[PDB]
Number of protein chains: 2
Amino acid sequence: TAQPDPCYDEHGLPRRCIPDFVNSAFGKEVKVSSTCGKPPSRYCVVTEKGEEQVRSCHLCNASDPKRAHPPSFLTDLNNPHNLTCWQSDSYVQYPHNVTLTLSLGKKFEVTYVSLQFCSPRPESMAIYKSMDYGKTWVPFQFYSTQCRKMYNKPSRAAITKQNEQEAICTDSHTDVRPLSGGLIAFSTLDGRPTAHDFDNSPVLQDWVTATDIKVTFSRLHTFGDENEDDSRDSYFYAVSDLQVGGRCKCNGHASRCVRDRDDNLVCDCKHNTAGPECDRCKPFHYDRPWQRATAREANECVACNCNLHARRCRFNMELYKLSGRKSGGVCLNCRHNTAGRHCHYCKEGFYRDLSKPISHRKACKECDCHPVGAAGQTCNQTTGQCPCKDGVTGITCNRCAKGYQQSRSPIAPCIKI
Amino acid sequence: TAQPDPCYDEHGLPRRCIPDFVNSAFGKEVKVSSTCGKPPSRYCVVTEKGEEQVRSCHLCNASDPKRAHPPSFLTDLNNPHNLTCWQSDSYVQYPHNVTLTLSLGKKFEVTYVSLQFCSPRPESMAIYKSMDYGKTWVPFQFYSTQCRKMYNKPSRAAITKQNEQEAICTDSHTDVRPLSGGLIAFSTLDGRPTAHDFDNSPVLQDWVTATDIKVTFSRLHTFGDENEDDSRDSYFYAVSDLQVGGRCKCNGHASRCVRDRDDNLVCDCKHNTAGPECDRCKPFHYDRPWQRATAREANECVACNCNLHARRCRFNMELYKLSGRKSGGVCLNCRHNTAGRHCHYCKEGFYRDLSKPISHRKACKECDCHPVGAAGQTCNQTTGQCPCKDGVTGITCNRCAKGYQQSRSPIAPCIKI
Ligand SMILES: *[C@@H]1O[C@H](CO[C@@H]2O[C@@H](C)[C@@H](O)[C@@H](O)[C@@H]2O)[C@@H](O[C@@H]2O[C@H](CO)[C@@H](O[C@@H]3O[C@H](CO[C@H]4O[C@H](CO)[C@@H](O)[C@H](O)[C@@H]4O)[C@@H](O)[C@H](O[C@H]4O[C@H](CO)[C@@H](O)[C@H](O)[C@@H]4O)[C@@H]3O)[C@H](O)[C@H]2NC(C)=O)[C@H](O)[C@H]1NC(C)=O
Ligand SMILES: *[C@@H]1O[C@H](CO[C@@H]2O[C@@H](C)[C@@H](O)[C@@H](O)[C@@H]2O)[C@@H](O[C@@H]2O[C@H](CO)[C@@H](O[C@@H]3O[C@H](CO[C@H]4O[C@H](CO)[C@@H](O)[C@H](O)[C@@H]4O)[C@@H](O)[C@H](O[C@H]4O[C@H](CO)[C@@H](O)[C@H](O)[C@@H]4O)[C@@H]3O)[C@H](O)[C@H]2NC(C)=O)[C@H](O)[C@H]1NC(C)=O
Ligand SMILES: *[C@@H]1O[C@H](CO)[C@@H](O[C@@H]2O[C@H](CO)[C@@H](O[C@@H]3O[C@H](CO[C@H]4O[C@H](CO)[C@@H](O)[C@H](O)[C@@H]4O)[C@@H](O)[C@H](O[C@H]4O[C@H](CO)[C@@H](O)[C@H](O)[C@@H]4O)[C@@H]3O)[C@H](O)[C@H]2NC(C)=O)[C@H](O)[C@H]1NC(C)=O
Ligand SMILES: *[C@@H]1O[C@H](CO)[C@@H](O[C@@H]2O[C@H](CO)[C@@H](O[C@@H]3O[C@H](CO[C@H]4O[C@H](CO)[C@@H](O)[C@H](O)[C@@H]4O)[C@@H](O)[C@H](O[C@H]4O[C@H](CO)[C@@H](O)[C@H](O)[C@@H]4O)[C@@H]3O)[C@H](O)[C@H]2NC(C)=O)[C@H](O)[C@H]1NC(C)=O
Ligand SMILES: *[C@@H]1O[C@H](CO)[C@@H](O[C@@H]2O[C@H](CO)[C@@H](O[C@@H]3O[C@H](CO[C@H]4O[C@H](CO)[C@@H](O)[C@H](O)[C@@H]4O)[C@@H](O)[C@H](O[C@H]4O[C@H](CO)[C@@H](O)[C@H](O)[C@@H]4O)[C@@H]3O)[C@H](O)[C@H]2NC(C)=O)[C@H](O)[C@H]1NC(C)=O
Ligand SMILES: *[C@@H]1O[C@H](CO)[C@@H](O[C@@H]2O[C@H](CO)[C@@H](O[C@@H]3O[C@H](CO[C@H]4O[C@H](CO)[C@@H](O)[C@H](O)[C@@H]4O)[C@@H](O)[C@H](O[C@H]4O[C@H](CO)[C@@H](O)[C@H](O)[C@@H]4O)[C@@H]3O)[C@H](O)[C@H]2NC(C)=O)[C@H](O)[C@H]1NC(C)=O
Ligand SMILES: *[C@@H]1O[C@H](CO)[C@@H](O)[C@H](O)[C@H]1NC(C)=O
Ligand SMILES: *[C@@H]1O[C@H](CO)[C@@H](O)[C@H](O)[C@H]1NC(C)=O
Ligand SMILES: [Ca+2]
Ligand SMILES: [Ca+2]
Ligand SMILES: [Cl-]
Ligand SMILES: [Cl-]
């Protein structure tokens, strides 16, 4: 680890390591259902400086970068004295939802998502995630005043061990005031019966995993007095930069996340692991199956030992369990005359040449029998002794014994006296 | 030997035996160069009853069975009070030879050939034999008055050990008187430097061997006084039955000689021997090579032991000598999974099933390996132990050991704890 490498310890040998925690939103462009712009639109702010509840109406023009509120302002530079704010059309209302989506383009373990509003917080909204890259969409958290009516939800009920992957519906962070600067923040891991036990809880690891994330504002609040109608008065969504705090899901096997040949984000997978999330593991590491890392056991994939005599290999769960969870990895395409599980013994008509280690290419000489002197071409595949005929000693059977005279006739090449 | 069998002794086991000694001429038709017949011919006899040297001339007519002298009379019923006589034309003279031939149609060891004449004996003649059935002809004995002139022969010279197969030329049995009843008789084995040692002398065994036999009368005697010319006076050949005493050559391996499927004479070969003369030996008796019989060692051919697992086999002279003259006979087409010289051990991918004797058909079980449990299909071919993989005991490798747990995965079917 002669630079930063947290993945390998000071022995040299591997442990567990995580990519750095980030705002995965900054610089990354957000898709929206409703920007005011075309047409240029009325909007009003009711502002209580002093104690005076004053109405100030303005011009929402996406053609003018001084009056424009594009989705760019959701992931620009945050600076709360100088709030840059995306803004929607007015009184898009229940049933009609404004949605926003952010695609990460990579599985992230989500810690939180925060939305800072320069408008009132929604009366009713919901957050959604995608496990796949935007195909199915999965509920995450609901924020309705009337859960039973709106989302067919119990209001602030139980999370059990059976359904820890459960969105609660909660009349909270759904207050009208603050009229400006209100926070939505959802944290994934609150309220789970293994909240503590995240390294060791797979159901929670899946919960927080997501590729794309989607916010849905489903209703607004109307203040409910006689004003004089103003049209669509001041009822719109607007947010002054967003954050999605998360870590790049590499299952504890990778150092940092990097841009690809294909200009996609992937894990720089370290521990003989493979794929985008390091969620399978590398070819010819199929001795011992895939598992997520922890500090306890780094749990990583390890090479099939085929002795330099094979390149393709596969796992066997059966052999893994009957090896006592040590090894299930068996070799195919056995080269250099080798055979059996680990390409470990010489195939028939070769015997093991012990003068040479197994990793040596000629680890296995041919039986090399004298065809006349041998009663068989296949030798015993470890002793290398070809079976000789009546008194034809020698490994290759290339020689008469003492007491046996040589002939030239090949059916009877040695004979007694 | 529940009938005559001299070939097998009272143990049951074989010794040496010979066919009976015969006149091989009787009943068998003789080929000739000169019969008087057509035309009917003059012939005279000069006969000294009392003391009177009287000339009696007669009529030689093959159309009249009372005056006919056909070659039939060379091998008819002998009865010297009643002489039946074949007769030639008169004064066929040097250079002109009358020849006779007798084909036996079977190799015979000749003892003697006797010709009894009712005429004077030839001044000059010769006997010939055929080793092959009448192709080459080989000289045998010469009977000239002037050997040097007639046959380019020394008169009564030496027989050496280098040329025991040598016809002598001998002015003997070449006397004019007897004018009637004279004998030619040639005995083969006279005068040989291993005359005694016939069972043990191969060069003499070849000498006396013959298939066809040929007599050649090359000159006559003329009495040389002034008579009154008589024409062709009385100068002809005539013989009153012939004999060829011999034994049917079966090289001491056969009981008697018998007529074939093809109506040819052959040896009834007994001692696992084969051919006409028993002069090779039978298929699948090529352990230990062919040899003639004697009383000393019957020397006979003996079966290749291929253990009921082969039918074709061959000899090896090299293996015979290095077996110490015991066995040179090796097996081909090894059935029932057997292998090696005598089809004696199990071929690769079978091992020897000792529960069963070698002559049993299933003397050799398949390795019969458990294909999953074995690291090899070929077992050690006597132990029958297929090479099992990591802790898969058993001969067929059909079982995990104690301390090894069974899997269903075929690359790792047993595993420790
Ligand atoms: C939050 O607001 C979102 C916007 O909607 C507004 O507010 C709501 C309350 C209503 O008053 C509505 O009228 C307003 O406009 C709202 O999202 C919308 O939700 C509806 C219902 O879930 C979606 O409708 C369905 O659309 C699909 C097709 O559209 C999709 O695919 C096409 C491509 O083919 C895409 O281009 C679209 O973008 C979509 O992705 C229909 O197939 C489906 O039909 C169903 O209903 C009909 C009868 O109407 C039946 O006969 C059928 O069998 C089906 O059952 C729906 O019509 C709508 O797509 C979605 N719009 C947008 C723009 O995302 C969200 O639901 C609001 N939340 C709540 C809780 O109200
Ligand atoms: C015992 O008498 C036998 C009969 O002969 C009579 O007496 C002799 C002395 C002469 O006076 C003769 O003229 C009398 O008729 C005698 O047998 C004969 O021997 C001769 C010489 O060895 C044989 O001659 C050779 O014949 C072959 C071909 O004939 C053979 O094959 C045919 C088939 O193609 C058959 O049908 C025949 O039956 C034969 O089997 C010739 O190729 C060969 O030619 C050679 O000589 C010429 C010149 O003349 C050369 O140019 C060549 O290059 C050759 O060298 C011979 O002519 C004859 O076949 C044979 N006849 C019979 C009926 O068997 C025997 O030799 C007398 N014994 C002694 C010691 O005199
Ligand atoms: C919403 O946001 C938009 C900003 O994008 C505001 O638009 C401005 O509106 C004023 C209205 O008076 C525009 O001013 C007038 O434009 C007339 C036409 O000018 C056009 O073409 C010239 C070039 O040929 C451009 O430079 C100009 O931008 C326009 O596109 C002029 O006839 C007027 O002239 C008078 O004032 C000028 C001041 O420079 C004097 O020089 C002249 O002599 C004369 O007295 C006048 O300029 C202004 O152009 C718009 N600005 C921009 C940045 O687009 C909307 O007004 C705003 N509010 C609402 C309620 O919608
Ligand atoms: C090449 O091929 C040959 C044969 O084809 C193999 O050799 C045979 O090897 C086995 C085991 O290697 C020999 O014997 C058997 O050993 C069993 C285990 O004990 C051994 O190992 C333990 C430690 O693990 C030692 O403490 C112990 O001393 C042994 O060395 C025994 O359980 C067996 O005994 C049983 O059978 C015998 C008869 O065989 C009975 O009499 C007993 O009562 C008991 O029931 C057994 O002794 C075996 O004998 C070898 N063969 C021959 C012919 O002698 C090579 O090992 C093989 N190698 C390869 C890799 O291919
Ligand atoms: C050599 O050997 C042959 C033997 O094969 C002798 O041949 C005999 O020769 C005599 C000569 O006189 C033959 O006899 C005469 O044959 C004449 C013709 O007959 C032929 O046809 C009849 C049937 O039609 C046959 O049966 C017969 O065999 C002949 O083929 C006759 O005209 C003669 O007839 C006279 O005698 C007979 C005897 O029976 C009387 O009945 C008649 O009336 C008449 O008087 C006479 O028969 C004789 O046939 C031959 N015999 C045989 C067995 O063939 C040679 O003679 C002998 N010698 C010499 C020197 O060559
Ligand atoms: C199946 O396959 C296995 C192995 O593939 C064979 O088993 C091996 O068999 C050999 C011989 O059968 C074992 O050992 C060697 O034996 C030599 C001969 O001695 C044996 O036989 C004589 C009688 O003929 C006995 O008196 C004697 O006690 C032995 O039983 C020794 O000369 C060898 O010793 C030499 O090598 C050793 C090291 O191996 C040295 O330390 C010595 O100094 C010396 O130089 C040797 O001991 C051999 O060990 C077996 N294998 C294993 C792994 O143990 C089966 O026989 C075979 N069968 C068939 C038919 O296929
Ligand atoms: C930001 O600061 C400037 C002075 O530098 C001030 O004129 C401006 O009105 C401020 N903007 C907001 C939106 O508070
Ligand atoms: C044979 O015997 C008979 C009498 O039975 C006699 O007439 C005949 O002449 C004899 N033949 C010879 C050739 O001696
Ligand atoms: Ca901002
Ligand atoms: Ca006669
Ligand atoms: Cl290589
Ligand atoms: Cl069979």
# chains A, B, ... in the order shown; residues from 1 in each chain; ligands from 1
>>> residues_near_ligand(ligand="ligand 11", cutoff="10 Å", atoms="only C-alpha atoms and all ligand atoms", output="ChimeraX atom specification")
/A:308-309,335-336,361-362
>>> write_last_selection(atoms="N, CA and C atoms", output="PDB file, in the first residue's frame")
ATOM      1  N   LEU A 308      -1.433 -24.542 -13.196  1.00  0.00           N
ATOM      2  CA  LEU A 308      -0.894 -24.011 -14.443  1.00  0.00           C
ATOM      3  C   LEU A 308      -1.283 -24.894 -15.640  1.00  0.00           C
ATOM      4  N   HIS A 309      -2.293 -25.769 -15.455  1.00  0.00           N
ATOM      5  CA  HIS A 309      -2.730 -26.728 -16.467  1.00  0.00           C
ATOM      6  C   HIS A 309      -4.186 -26.480 -16.895  1.00  0.00           C
ATOM      7  N   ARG A 335      -4.930 -29.220 -19.544  1.00  0.00           N
ATOM      8  CA  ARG A 335      -3.846 -29.277 -20.515  1.00  0.00           C
ATOM      9  C   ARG A 335      -2.647 -30.038 -19.954  1.00  0.00           C
ATOM     10  N   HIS A 336      -1.659 -30.283 -20.826  1.00  0.00           N
ATOM     11  CA  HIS A 336      -0.364 -30.848 -20.479  1.00  0.00           C
ATOM     12  C   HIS A 336      -0.526 -32.270 -19.948  1.00  0.00           C
ATOM     13  N   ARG A 361       5.606 -27.760 -16.809  1.00  0.00           N
ATOM     14  CA  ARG A 361       4.759 -28.061 -17.954  1.00  0.00           C
ATOM     15  C   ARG A 361       4.808 -29.557 -18.276  1.00  0.00           C
ATOM     16  N   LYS A 362       5.981 -30.179 -18.076  1.00  0.00           N
ATOM     17  CA  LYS A 362       6.209 -31.577 -18.433  1.00  0.00           C
ATOM     18  C   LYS A 362       6.108 -32.401 -17.160  1.00  0.00           C
TER      19      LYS A 362
END
>>> residues_near_ligand(ligand="ligand 1", cutoff="7 Å", atoms="only C-alpha atoms and all ligand atoms", output="number ranges by chain")
A: 95-99, 216
>>> write_last_selection(atoms="C-alpha atoms", output="PDB file, in the first residue's frame")
ATOM      1  CA  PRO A  95     -54.511  14.421  -8.472  1.00  0.00           C
ATOM      2  CA  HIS A  96     -51.602  15.916 -10.459  1.00  0.00           C
ATOM      3  CA  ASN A  97     -48.114  15.187  -9.176  1.00  0.00           C
ATOM      4  CA  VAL A  98     -44.860  16.836 -10.044  1.00  0.00           C
ATOM      5  CA  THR A  99     -42.122  14.242 -10.029  1.00  0.00           C
ATOM      6  CA  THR A 216     -43.066  12.739  -6.158  1.00  0.00           C
TER       7      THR A 216
END
>>> residues_near_ligand(ligand="ligand 2", cutoff="12 Å", atoms="only C-alpha atoms and all ligand atoms", output="ChimeraX atom specification")
/B:31-34,92-101,124-128,134-137,139,142,149-152,214-219
>>> write_last_selection(atoms="N, CA, C and O atoms", output="short mmCIF file (atom, residue, chain, number, x, y, z; two decimals), in the first residue's frame")
data_model
loop_
_atom_site.label_atom_id
_atom_site.label_comp_id
_atom_site.auth_asym_id
_atom_site.auth_seq_id
_atom_site.Cartn_x
_atom_site.Cartn_y
_atom_site.Cartn_z
N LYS B 31 6.19 -99.89 -68.51
CA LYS B 31 6.30 -99.21 -69.79
C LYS B 31 7.61 -99.62 -70.48
O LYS B 31 8.64 -99.61 -69.81
N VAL B 32 7.55 -99.91 -71.80
CA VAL B 32 8.65 -100.51 -72.58
C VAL B 32 8.88 -99.78 -73.92
O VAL B 32 7.98 -99.17 -74.48
N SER B 33 10.11 -99.93 -74.48
CA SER B 33 10.52 -99.30 -75.72
C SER B 33 10.43 -100.26 -76.90
O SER B 33 10.57 -99.82 -78.03
N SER B 34 10.32 -101.56 -76.63
CA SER B 34 10.44 -102.54 -77.70
C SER B 34 9.81 -103.85 -77.27
O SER B 34 10.41 -104.58 -76.49
N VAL B 92 18.03 -104.74 -81.71
CA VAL B 92 18.13 -103.35 -81.28
C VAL B 92 19.41 -103.24 -80.44
O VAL B 92 19.53 -103.86 -79.39
N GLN B 93 20.39 -102.47 -80.95
CA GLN B 93 21.79 -102.65 -80.61
C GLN B 93 22.47 -101.32 -80.39
O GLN B 93 21.97 -100.29 -80.80
N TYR B 94 23.66 -101.30 -79.76
CA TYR B 94 24.35 -100.03 -79.59
C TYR B 94 24.57 -99.36 -80.93
O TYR B 94 25.15 -99.99 -81.82
N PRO B 95 24.17 -98.09 -81.13
CA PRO B 95 23.77 -97.19 -80.05
C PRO B 95 22.39 -97.41 -79.41
O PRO B 95 22.14 -96.88 -78.33
N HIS B 96 21.50 -98.19 -80.06
CA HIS B 96 20.09 -98.18 -79.70
C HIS B 96 19.81 -99.03 -78.46
O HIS B 96 20.05 -100.24 -78.44
N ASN B 97 19.20 -98.36 -77.48
CA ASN B 97 18.86 -98.94 -76.20
C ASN B 97 17.36 -99.22 -76.14
O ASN B 97 16.54 -98.38 -76.54
N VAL B 98 17.03 -100.41 -75.64
CA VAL B 98 15.71 -100.66 -75.10
C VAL B 98 15.74 -100.18 -73.66
O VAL B 98 16.70 -100.43 -72.94
N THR B 99 14.69 -99.46 -73.28
CA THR B 99 14.48 -99.06 -71.91
C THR B 99 13.17 -99.67 -71.42
O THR B 99 12.29 -99.95 -72.23
N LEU B 100 13.08 -99.94 -70.12
CA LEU B 100 11.83 -100.21 -69.43
C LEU B 100 11.72 -99.21 -68.30
O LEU B 100 12.75 -98.86 -67.74
N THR B 101 10.50 -98.77 -67.97
CA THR B 101 10.29 -97.99 -66.75
C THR B 101 9.11 -98.58 -65.97
O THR B 101 8.15 -99.06 -66.59
N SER B 124 25.92 -104.82 -71.73
CA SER B 124 26.00 -103.52 -71.08
C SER B 124 24.59 -103.01 -70.79
O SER B 124 23.75 -102.90 -71.70
N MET B 125 24.35 -102.66 -69.52
CA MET B 125 23.10 -102.02 -69.18
C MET B 125 23.33 -101.06 -68.04
O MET B 125 24.46 -100.94 -67.58
N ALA B 126 22.24 -100.41 -67.63
CA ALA B 126 22.24 -99.49 -66.51
C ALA B 126 20.85 -99.40 -65.89
O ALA B 126 19.84 -99.62 -66.56
N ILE B 127 20.83 -99.06 -64.59
CA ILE B 127 19.61 -98.82 -63.85
C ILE B 127 19.58 -97.36 -63.45
O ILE B 127 20.62 -96.78 -63.15
N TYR B 128 18.37 -96.79 -63.45
CA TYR B 128 18.15 -95.41 -63.10
C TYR B 128 16.98 -95.32 -62.15
O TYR B 128 16.13 -96.21 -62.14
N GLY B 134 9.40 -88.72 -61.97
CA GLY B 134 9.76 -88.98 -63.35
C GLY B 134 10.32 -87.76 -64.06
O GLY B 134 10.39 -87.77 -65.29
N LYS B 135 10.77 -86.74 -63.32
CA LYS B 135 11.23 -85.50 -63.93
C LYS B 135 12.74 -85.54 -64.18
O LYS B 135 13.18 -85.59 -65.33
N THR B 136 13.54 -85.45 -63.12
CA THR B 136 14.95 -85.73 -63.24
C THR B 136 15.11 -87.24 -63.09
O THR B 136 14.28 -87.90 -62.46
N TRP B 137 16.17 -87.78 -63.69
CA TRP B 137 16.51 -89.18 -63.52
C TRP B 137 17.95 -89.32 -63.10
O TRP B 137 18.82 -88.65 -63.65
N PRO B 139 21.36 -91.73 -61.95
CA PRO B 139 22.05 -93.00 -62.12
C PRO B 139 22.19 -93.78 -60.82
O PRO B 139 22.25 -93.20 -59.73
N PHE B 142 25.67 -99.44 -63.08
CA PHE B 142 26.10 -99.69 -64.45
C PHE B 142 26.78 -101.04 -64.54
O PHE B 142 27.50 -101.42 -63.63
N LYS B 149 34.71 -96.68 -72.02
CA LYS B 149 34.25 -96.34 -73.36
C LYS B 149 32.75 -96.05 -73.33
O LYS B 149 32.32 -95.01 -73.84
N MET B 150 31.98 -96.93 -72.68
CA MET B 150 30.53 -96.93 -72.79
C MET B 150 29.88 -95.81 -71.98
O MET B 150 29.03 -95.09 -72.50
N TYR B 151 30.23 -95.71 -70.69
CA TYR B 151 29.53 -94.84 -69.76
C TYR B 151 30.47 -93.78 -69.19
O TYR B 151 30.06 -92.99 -68.33
N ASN B 152 31.72 -93.75 -69.67
CA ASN B 152 32.74 -92.82 -69.22
C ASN B 152 32.99 -93.02 -67.73
O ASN B 152 33.11 -92.06 -66.98
N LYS B 214 13.93 -97.21 -63.74
CA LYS B 214 14.11 -97.33 -65.17
C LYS B 214 15.35 -98.16 -65.47
O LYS B 214 16.43 -97.84 -65.01
N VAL B 215 15.15 -99.20 -66.29
CA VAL B 215 16.20 -100.11 -66.73
C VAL B 215 16.50 -99.84 -68.20
O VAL B 215 15.57 -99.82 -69.00
N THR B 216 17.79 -99.77 -68.54
CA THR B 216 18.21 -99.39 -69.88
C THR B 216 19.23 -100.41 -70.40
O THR B 216 20.35 -100.45 -69.92
N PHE B 217 18.85 -101.23 -71.38
CA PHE B 217 19.76 -102.18 -72.00
C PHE B 217 20.36 -101.55 -73.25
O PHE B 217 19.63 -101.22 -74.19
N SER B 218 21.68 -101.44 -73.27
CA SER B 218 22.34 -100.47 -74.14
C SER B 218 23.11 -101.14 -75.26
O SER B 218 23.43 -100.49 -76.25
N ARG B 219 23.46 -102.40 -75.05
CA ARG B 219 24.16 -103.20 -76.03
C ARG B 219 23.66 -104.63 -75.84
O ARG B 219 22.94 -104.90 -74.88
#
>>> closest_residue(among="A:384, A:202, A:324, A:65", to="chain B", atoms="only C-alpha atoms")
A:324
>>> closest_residue(among="A:305, A:19, A:417, A:399", to="residue B:321", atoms="only C-alpha atoms")
A:417
>>> residues_near_ligand(ligand="ligand 3", cutoff="8 Å", atoms="only C-alpha atoms and all ligand atoms", output="ChimeraX atom specification")
/A:40,59,61-65,67
>>> write_last_selection(atoms="N, CA and C atoms", output="short mmCIF file (atom, residue, chain, number, x, y, z; two decimals), in the first residue's frame")
data_model
loop_
_atom_site.label_atom_id
_atom_site.label_comp_id
_atom_site.auth_asym_id
_atom_site.auth_seq_id
_atom_site.Cartn_x
_atom_site.Cartn_y
_atom_site.Cartn_z
N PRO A 40 -43.81 32.14 -19.70
CA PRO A 40 -43.56 32.96 -18.53
C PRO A 40 -44.80 33.10 -17.65
N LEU A 59 -42.03 37.14 -12.09
CA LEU A 59 -42.08 36.79 -13.50
C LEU A 59 -41.13 35.62 -13.78
N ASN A 61 -39.35 33.25 -16.06
CA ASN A 61 -39.05 33.29 -17.48
C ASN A 61 -37.75 32.52 -17.73
N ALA A 62 -37.86 31.35 -18.38
CA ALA A 62 -36.72 30.46 -18.56
C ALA A 62 -35.82 30.93 -19.70
N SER A 63 -36.30 31.93 -20.46
CA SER A 63 -35.55 32.52 -21.55
C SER A 63 -34.56 33.56 -21.03
N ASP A 64 -34.84 34.10 -19.83
CA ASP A 64 -34.02 35.12 -19.19
C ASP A 64 -33.27 34.48 -18.03
N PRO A 65 -31.93 34.27 -18.12
CA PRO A 65 -31.17 33.68 -17.01
C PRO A 65 -31.16 34.49 -15.71
N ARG A 67 -34.28 35.51 -14.54
CA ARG A 67 -35.59 35.16 -14.02
C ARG A 67 -35.88 33.67 -14.24
#
>>> residues_near_ligand(ligand="ligand 6", cutoff="7 Å", atoms="only C-alpha atoms and all ligand atoms", output="ChimeraX atom specification")
/A:379-380,383,385,387 /B:380-383
>>> residues_around(residues="residue A:15", least_positions_apart="3", cutoff="8 Å", atoms="only C-alpha atoms", output="number ranges by chain")
A: 6-9, 295, 297-298
>>> residues_near_ligand(ligand="ligand 8", cutoff="7 Å", atoms="only C-alpha atoms and all ligand atoms", output="PyMOL selection string")
chain B and resi 81-84
>>> residues_near_ligand(ligand="ligand 9", cutoff="8 Å", atoms="only C-alpha atoms and all ligand atoms", output="count of residues only")
16
